[PDB]
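What follows is a pair of forms of the same protein chain, given separately as structure tokens and numbered structure 1 and structure 2.
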Structure 1
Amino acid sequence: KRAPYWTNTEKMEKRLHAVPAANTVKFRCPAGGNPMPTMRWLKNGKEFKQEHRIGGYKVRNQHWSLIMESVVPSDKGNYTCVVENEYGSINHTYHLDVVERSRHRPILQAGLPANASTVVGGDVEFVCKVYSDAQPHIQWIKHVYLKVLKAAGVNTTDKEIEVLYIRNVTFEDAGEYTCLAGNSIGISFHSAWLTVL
């Protein structure tokens, strides 16, 4: 009587599902047709088996849905629903991106910036590595009463790396230096001492 056809292209228009880790992901492909069409799911083009992920998955035929609970990064990929009956077969592919999130204040690498010593006129540097999901701001501070110093740095996929260079050190440069990081949750800071001889 009738080939399979999507009954709600609305939800299907949202091909990319980008979600935080620990979320439940539900893919739907509401289908019509007579007789009622059957449905199968593929992951990355091949048969999606229960053993393909920890905790497997669930399918609710009445809702034409694939359900994956507590998704993790290894769940990233393509998921294709194949619906069919005697009059035809159709498919739709969803893409899943899973991102691990953190609702914590910044975390700095222990030991950085490290203490340093140098003879007058010598050069020194201080390094700080900051991990923060929420975009952080970083300040290098000289305990002089605080003086904010301008440093250099680079952004990387999993952390901010900053370095403060102090050239032609003088006795006045001696003292404590702090790397202060903060995001929308809170702050964290590590301090180091510059010894001039």
Structure 2
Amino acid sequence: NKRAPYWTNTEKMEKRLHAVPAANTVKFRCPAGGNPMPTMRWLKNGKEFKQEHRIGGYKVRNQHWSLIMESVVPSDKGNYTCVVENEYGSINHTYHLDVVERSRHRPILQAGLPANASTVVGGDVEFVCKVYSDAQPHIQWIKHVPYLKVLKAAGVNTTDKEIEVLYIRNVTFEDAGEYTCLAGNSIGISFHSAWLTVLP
């Protein structure tokens, strides 16, 4: 019963794009059969994949027709092709790998923002806040009047698009005080404060 190589489990091969978080292990499989037992070779971006091509190299388990790369990093991104063959034929399949770096930190604000501001009564002023966060952050502006008052809060109606800048027009002496940009995500809460000074 001599025959060319063939995929013995196409179910495990349907997932073509493997997008994984950095530091995880990636395993590509191309379960094959054939008589004689076909050989297996792996290519990265159409070229031979050598151990020296990545830190720590890679591992291959012939019994499982698999290619294993541990602790992936952004540079592992690319196409990986398995080429299986015997004297009666040659077949290949290609997977694409993408690596995404995750950050498990509470929101981080830029030092200096918002900045203190001063103006004469009747004037206009703004407070800006720049946030970095992987877990979706929730931003809001608060005035200390600890008795606090929410002046603006992100949401479906107040998109992040314009939540980062707080405008205070026709400032009165009542507007004077401490303003806070508070950013929170599932991991934690961060905030930076600025002071508004109003002059006669």
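Counting starts at 1 with the first residue of structure 1 and goes up one by one along its sequence. Take the two forms, superpose them, and find the largest set of C-alpha atoms that agree within 1.5 Å; that set is the rigid core.
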TODO: Compare the position of the CA of residue 30 between structures 1 and 2 after a rigid core fit and state whether the shift reaches 2 Å.
DONE: no
Open item on the list: When the rigid core is used for the superposition, does residue 151 move between structures 1 and 2 (threshold: C-alpha shift of 2 Å or more)?
Closed with: yes
Open item on the list: If the two forms are fitted on the core, does residue 138 show a Cα displacement reaching 2 angstroms between structures 1 and 2?
Closed with: no
Task: Backbone CA shift between structures 1 and 2, residue 160, after core fitting (angstrom) - done: 9.4
Task: Rigid core superposed, the C-alpha shift at residue 173 between structures 1 and 2 in Å - done: 1.3
